[PDB]
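One letter stands for each residue in the lines below.
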Amino acid sequence: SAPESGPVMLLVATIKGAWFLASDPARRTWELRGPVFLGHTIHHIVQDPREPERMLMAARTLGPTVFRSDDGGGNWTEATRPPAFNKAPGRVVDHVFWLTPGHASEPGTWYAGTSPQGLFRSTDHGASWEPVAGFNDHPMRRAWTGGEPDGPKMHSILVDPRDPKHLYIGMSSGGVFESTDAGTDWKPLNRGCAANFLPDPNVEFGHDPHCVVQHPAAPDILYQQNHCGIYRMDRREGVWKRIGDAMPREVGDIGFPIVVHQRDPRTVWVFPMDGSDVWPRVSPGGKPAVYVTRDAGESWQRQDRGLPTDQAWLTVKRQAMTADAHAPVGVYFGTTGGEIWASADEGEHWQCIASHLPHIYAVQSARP
Ligand SMILES: [Cl-]
Ligand SMILES: [Cl-]
Ligand SMILES: [Cl-]
Ligand SMILES: [Cl-]
């Protein structure tokens, strides 16, 4: 990986529309465009890295759908067939929560994760979606998911860069699950991860991962921010290890998002929150900070330069942190209070580049 260069774009999904932030090549001044779809609840906006001119946006009302653009966001068209569960001999899609573009060798293929938990696939750039039957009708599904916050959801859909058949998914609640046959079969992969909200924490599934990532440079390495900690797994070992235990006692290792440095599998960023109350309640602290590790979780450093020093009760949701692929890597986050904070030096300094936006669900980097 050669570092990317030039302008960065941030795709910002909020409860009342989509906004877009564009930088100069130096990433010092930013331009805000939007709202796009003002009054609609936008859950996720993702650029196809295979074809940068293509973008998908998970949105509600039309009911729940996916809008597509083939001109880098200049025009949006609703799905001809959005994600919908099959007729029961039944469950209903509340919203499309997460969008993942497929493997390099399968252009036009995407996965979608819904609330309640459901996995869907498009092979036509998100125009039409069908259920991934191997998950949605798996005999263990109801046991893995359970029943009905905003509702339970499917997230962290990961397609292995080395193999389109190797997939990972995250479910709140349920856990991390793996397929080695493009989703025709799934198995739980939660070993080593706590589930302290369950009667027996040492079960196979039922866990509450918040955000899972597979490193693009070292795809055996997975990181997750869970309701019960920050974990790292080397897939060859098959166990999640709580690297979050290196966090300071007063800060803890609870939070929602997790982000990895594009080139360095040892560098990861989290946004800690107070998880000391009963499940699923996570509360903000008054002293906001991102924490970085540059040694795969052995040590953590606080990153708060430029951020409000105190009486600042910031919530950062799962999809609301992202990072670019520039040198140095820039890091960004969006708060439920409507601020977009940006760093162009791996989280060492922060600058508020947007404020007074509606409640932010997701922030995603993109190449204009
Ligand atoms: Cl449906
Ligand atoms: Cl279905
Ligand atoms: Cl815990
Ligand atoms: Cl709001």
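Residues numbered from 1 in each chain as written, not as in the entry; some residues may be left out. Chains lettered and ligands numbered in written order. Heavy atoms only, no water. Residues with missing side-chain atoms left out of burial classes, pairs and counts.

J.: Account for the overall build of the chain, naming residues and giving values.
T.: Along the chain, the regular secondary structure elements total 2 helices and 28 strands. Taken against the 2.2 N^0.38 rule, which gives 21 Å for 368 residues, the C-alpha radius of gyration of the chain at 19 Å falls within 12% of a compact globule. In terms of overall dimensions, the chain has C-alpha extents of about 55 × 50 × 35 Å along its principal axes. (Helix = DSSP H or I, 4+ residues; strand = E, 2+ residues; numbered from the N terminus. Rg over C-alpha atoms; globule rule 2.2 N^0.38 Å.)

J.: Kindly report on the pattern of salt bridges, identifying the contributing residues and their values.
T.: Working definition: two side chains of opposite charge can pair if their charged atoms are close together. A full pass over the atoms with the stated rule returns 15 salt bridges. The residue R235 makes a salt bridge to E178 at a minimum N-O spacing of 3.0 Å. On the criterion of sequence distance, the pair formed by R235 in the loop between β18 (229-234) and β19 (239-241) and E178 in strand β14 (residues 175-179) is long-range, its members being 57 residues apart. Residue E237 pairs with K241 through a salt bridge whose shortest N-O separation is 3.3 Å. The class for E237 is partly exposed, based on a relative accessible area of 48%. Given the relative accessible area of 46%, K241 is considered partly exposed. (Salt bridge = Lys/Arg side-chain N within 4 Å of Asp/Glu carboxyl O. Buried < 20%, exposed > 50% of the residue type's maximum accessible area, 1.4 Å probe, protein only.)

J.: Residue-level account of the layout of surface pockets, with values.
T.: Computed from the structure, the largest pocket encloses a volume of approximately 1,400 Å³. What lines the largest pocket is a set of 46 residues, among which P49, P101, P216, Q262 and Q364 lie closest to the centre. Put simply, the parts of the chain that give the lining of the largest pocket at least two residues each are β4 (41-47), β8 (95-101), β12 (153-159), β16 (209-214), β20 (255-260), β24 (321-323) and β28 (360-366). Looking at the lining of the largest pocket, its residues break down into 25 nonpolar, 15 polar and 6 charged. (1 Å grid on protein atoms, 1.4 Å probe; cavity = no way out; pocket = protein on both sides within 12 Å on 5 of 7 lines; lining within 4 Å. Points joined across faces, edges and corners; volume = space filled by probe spheres on them. Nonpolar A, V, L, I, M, F, W, Y, C, P; charged D, E, K, R; others polar.)

J.: With reference to specific residues and values, describe the environment of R242.
T.: Within the secondary structure, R242 sits in the loop between β19 and β20. The contacts of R242, once residues within four sequence positions are left out, are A194, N196, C228, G229, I230, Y231, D253 and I254. At a separation of 3.1 Å, a polar atom in the side chain of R242 contacts the main-chain carbonyl oxygen of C228. (Contact = heavy atoms within 4.5 Å. Polar contact = N/O pair within 3.5 Å; in protein donor to acceptor, adjacent residues only side chain to side chain.)

J.: I'd love a proper account of the packing of aromatic side chains, names of residues and values included.
T.: One pass over the structure, following the stated rule, counts 9 aromatic pairs. Ring centres 6.3 Å apart and planes at 25° place the aromatic pair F135 and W144 in the stacked group. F135 sits in the buried class, given a relative accessible area of 0%. Classification of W144 as buried rests on a relative accessible area of 4%. Its end group placed over the ring of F20, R33 keeps NZ or CZ at 4.3 Å from the ring centre. (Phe/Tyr/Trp six-rings, centres within 6.5 Å; stacked < 30°, edge-to-face > 60°. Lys NZ or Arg CZ within 6 Å of the ring centre and 35° of its normal.)

J.: Quick one: what's the story with the sheet that holds β12, residue by residue and with numbers?
T.: One open sheet accounts for 4 strands, arranged β12-β13-β14-β15; its pairing is antiparallel. The open sheet has two free edges, formed respectively by β12 and β15 (187-188), since each of these has just one partner strand. Here β12 runs beside strand β13 (residues 167-172); their pairing, made up of 5 bridges, is antiparallel. Within β13, the residue paired with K153 across the bridge is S172. (Pairing = 2+ DSSP bridges.)

J.: Talk me through the side chain of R27; I want residue IDs and the actual numbers.
T.: Among the structural elements, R27 can be located in the loop between β2 (17-23) and β3 (30-36). By relative accessible area, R27 is classed as buried at 10%. Reaching out from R27, the side chain makes a polar contact with the side chain of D324 at a distance of 2.9 Å. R27 has contacts with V8, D324, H326, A327, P328, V329, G330, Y332 and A344, leaving out every residue within four places of it along the chain.

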